[PDB]
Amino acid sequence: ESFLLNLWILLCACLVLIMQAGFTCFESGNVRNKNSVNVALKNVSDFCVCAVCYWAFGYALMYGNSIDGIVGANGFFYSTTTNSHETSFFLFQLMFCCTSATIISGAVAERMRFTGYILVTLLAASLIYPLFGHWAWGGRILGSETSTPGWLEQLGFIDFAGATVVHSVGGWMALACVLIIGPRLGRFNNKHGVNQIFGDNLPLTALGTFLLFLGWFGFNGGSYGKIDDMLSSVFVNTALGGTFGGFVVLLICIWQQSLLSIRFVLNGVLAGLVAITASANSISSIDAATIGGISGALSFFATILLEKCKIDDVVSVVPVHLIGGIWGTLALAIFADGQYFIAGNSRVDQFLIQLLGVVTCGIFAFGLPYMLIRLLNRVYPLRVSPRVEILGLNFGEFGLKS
């Protein structure tokens, strides 16, 4: 009976929902207290907007029967099915759409206008996430007998749980947004001057990191597509990817004597988790440890590099979700068991199609949003006024009276 798998997917979707709690804590604690309420408002609003969009038409665009191969075109206002796994799958996939979009808020914090962020959320949920999703995962409908692969999927692109599909998409859109709104006031000065701006509730960011970690077990577990005796290995690999991402960054912080090491260590854990998201089902425990640990290190160096580039990513979305997601997606070709690849593929062939997916994601999730958000910003400024930035977005639109 379809019962055990349905129950499994539903519990995994519950775990994905706790990731939304995780992000709210992670982001809100990493900002100053004068912004922390606006952060909270962004994090509940995006969830509601994304869920409404995904239910109304995003699931249709992503998973419906492919019209030309670019997009799906049935499953609007999702309700009834003759596929007894589909409804569980739909709920789980709705939680992934919410995850991809909510990544963006942490990069743009402390100076993006609320309504501006919600419009970006609409673009993510309505167009960018479901269309890329179709291309990578369009054929991958749980319990379906009549599915057709998206075009990247058809070429052999592998992404077990969304290193590219969820995390890179969000990260590319975040990068676009921070380039357009610009750095916080007081972040960068002179030519090479960098000031750190620290959050006011870093303990809540640690809670948040643990909630994200917990949720990631559902994120990866619910993507497995079945139950067999190798499911527990996905969970070990998830644990090792996160813990080695953190451990490696802890070692680096001890070695470098890093200021506010906590932020780097937590980001290391998250980067480790993102990197194994592509391959949790296809690698050994040693390679999970390796891929996660490397991901952690990369997040550390990428944080430092973004600062040198005068790009202000408040919680390090790009180091964690984008650099981690790219690394994980390419790492799959280096480390995964080749039996998970198309029969006619070497590791070089697999590397090339993983790379094509990475580049395609970048062109569509960075290039198109960059152009569209730059256009929106010209007629509807996305950056708050200086007064609102200085007083804090708690005092912004829909907040407190100053």
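Numbers for residues come from their place in the sequence shown, where the first is 1.
In this entry, 326 to 334 has the higher mean Cα B-factor, the comparison being between 326 to 334 and 93 to 101. Judged by mean Cα B factor in the deposited record, 304 to 312 ranks above the other of 169 to 177 and 304 to 312.
Within the selection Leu298, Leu152, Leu231, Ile118, the deposited Cα B-factor values reach their highest point at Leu152. When the C-alpha B-factors of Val52, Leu41, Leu375, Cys361 are ranked from the entry, the top spot goes to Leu375. For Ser261, the recorded CA temperature factor ranks within the middle third of the chain's modelled residues.
Among the modelled residues of the chain, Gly58 sits in the middle third by CA temperature factor in this PDB entry. Ranked within its chain, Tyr370 lands in the highest third, by CA B factor from the PDB record. Ranked by Cα temperature factor within the chain, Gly133 sits in the middle third according to the deposited record.
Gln354: CA B factor lies in the middle third for its chain, per the PDB record.
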